[PDB]
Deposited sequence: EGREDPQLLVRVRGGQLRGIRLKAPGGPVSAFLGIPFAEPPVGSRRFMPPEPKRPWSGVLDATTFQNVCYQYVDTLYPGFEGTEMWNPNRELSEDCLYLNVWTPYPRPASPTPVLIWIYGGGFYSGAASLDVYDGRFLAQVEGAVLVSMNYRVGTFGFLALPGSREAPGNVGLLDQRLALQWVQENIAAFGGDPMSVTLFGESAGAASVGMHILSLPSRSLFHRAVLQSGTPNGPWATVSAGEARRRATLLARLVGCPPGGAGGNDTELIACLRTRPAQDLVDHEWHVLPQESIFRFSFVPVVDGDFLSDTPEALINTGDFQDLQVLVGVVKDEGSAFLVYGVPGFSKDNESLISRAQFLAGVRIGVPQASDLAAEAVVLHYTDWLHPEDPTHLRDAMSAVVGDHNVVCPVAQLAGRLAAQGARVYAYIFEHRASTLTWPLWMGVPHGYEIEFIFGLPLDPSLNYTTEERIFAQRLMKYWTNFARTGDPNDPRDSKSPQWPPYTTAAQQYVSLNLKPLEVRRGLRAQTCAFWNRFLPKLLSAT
């Protein structure tokens, strides 16, 4: 240091860091990007839990995002903003276990509440460097400290041969936990309050947040949680030890590693990263959508039991949670598998195409259950309307994978001590490039919660700017206090907790808050109470 900016030099337990002074619309912020929190999980260390990062010497440059964990890059629609905005924005490498911190500039006087973001991507994709996860607006506007970490995805993160030592499973979650430990020891260097850490995340990230709520060593690492369009319970976020075993073994076969677990994992470790990616979809048991090959396994360790059992019997008094869904959870999933669906036409389907989709949307379902789904979603006045069928198929996927799982997470949590706040996000970005029929797709609240509309250069409407400010007040009010409502405010409609008695939740859109009752109450009774029994 000679002439460096005094506000950008900070020490953490691993050594010295140099951050960068970033411009936000309303002023500067400090970012420390690419801070290593683990030893690169490379070589003999692929599939293994992560080890703490060994201290370095000199000043580590933390001015730019680090590598993205090895993943499948989407190619369904080349050039298309709608998919590319989720694609990796840095080089892919197994050396990817880094985290990012944004804090006010100058760093705040007294300790600030900390928000830790966990990206989604079905446990097979995503990076904390994506433009929609930019911590600068929350940091600058709400005075918050914001952290996001990379964690291994796909085979690299979740390939398990359960009961073995060399590939125990759940190591992606263990990267996330390591980063939470890192925040406990280090966040105070940045002015963050380690005693007020809220986890938030979306899709698979939300599932992860809930898995930290259900895993005891994670509990002392955070104090509150927000789950956006995802849950640990439900059909896609976990697998039995058996199923994960079948998958690893199948993948092994596929890459030339025939099966003892040591021989097998070793052979997999000699395989090139890309080979594993190039083969990971092939191990899924059925033609299906909203199913991912390598996901958290119920190992009897990180997850002592299935998320369903753990939410049915855990005590949560104790715990404050904000949960919700977007209007159209299913729609955008339809174009990755259901015949008849495309982003480039209005996706009007036949009744045949619907029955056919239901079997892919609900792959575990017998003929009888498939009929039950179809019968429940048919509009009997117009059982042939292409437009209604299209919307039903979207609803089936949304309801089965997100809405109804969230619906019970909120149900069981509230009944067992938790203060729960629930929402449905109903605003379609004016700037969306997916077709109008898709409505408000899975993923499209994120840019509003992070404050992107406030970037004048991004072409959001004025209404949208104000809407994002509101939502940022909601999230950080929740982080700061466990109540998304503003104490200094006077109704200005209140966000009431979700209870089992009242089942209250709010609409999030451009209009002031509207309180509604019951998240798809009838329809979720179908998925959560009836359907299970049509497997039993």
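Missing C-alpha coordinates mark the following deposited-sequence intervals, in order: 260-264, 542-543.
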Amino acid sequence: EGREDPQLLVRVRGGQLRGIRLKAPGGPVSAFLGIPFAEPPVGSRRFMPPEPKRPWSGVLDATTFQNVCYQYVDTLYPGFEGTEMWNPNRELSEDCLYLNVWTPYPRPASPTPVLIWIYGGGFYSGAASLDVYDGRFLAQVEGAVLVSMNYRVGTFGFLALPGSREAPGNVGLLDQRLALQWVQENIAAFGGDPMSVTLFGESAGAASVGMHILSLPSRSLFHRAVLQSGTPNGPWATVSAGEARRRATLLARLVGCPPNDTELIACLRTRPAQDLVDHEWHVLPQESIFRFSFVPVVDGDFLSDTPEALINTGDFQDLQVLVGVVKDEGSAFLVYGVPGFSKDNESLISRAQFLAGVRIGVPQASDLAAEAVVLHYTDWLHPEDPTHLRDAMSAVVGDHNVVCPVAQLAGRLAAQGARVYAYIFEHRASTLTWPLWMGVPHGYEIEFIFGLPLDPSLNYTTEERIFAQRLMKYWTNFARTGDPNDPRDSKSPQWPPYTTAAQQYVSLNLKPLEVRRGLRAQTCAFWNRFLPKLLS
From here on, numbers count along this sequence of modelled residues.
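Legend: mean Cα B-factor per stretch from the PDB entry, 34-42 versus 477-485; the higher mean is in 477-485. Here 308-316 and 425-433 are compared by their mean Cα B-factor, and 308-316 comes out higher. Annotation for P235, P296, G163, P88: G163 ranks highest, by Cα B-factor.
Of the candidates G135, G154, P258, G439, the one whose C-alpha carries the top B factor in the deposited record is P258. The PDB entry assigns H376 a C-alpha temperature factor belonging to the middle third of its chain's modelled residues. In the deposited entry, the Cα temperature factor of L471 sits in the middle third of values across the chain's modelled residues. Among the modelled residues of its chain, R269 has a C-alpha B-factor that falls in the middle third according to the deposited record. Residue-level temperature factors show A418 in the highest third of its chain, judged at the C-alpha atom. Split the chain's modelled residues into thirds by C-alpha temperature factor. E384 is in the highest one.
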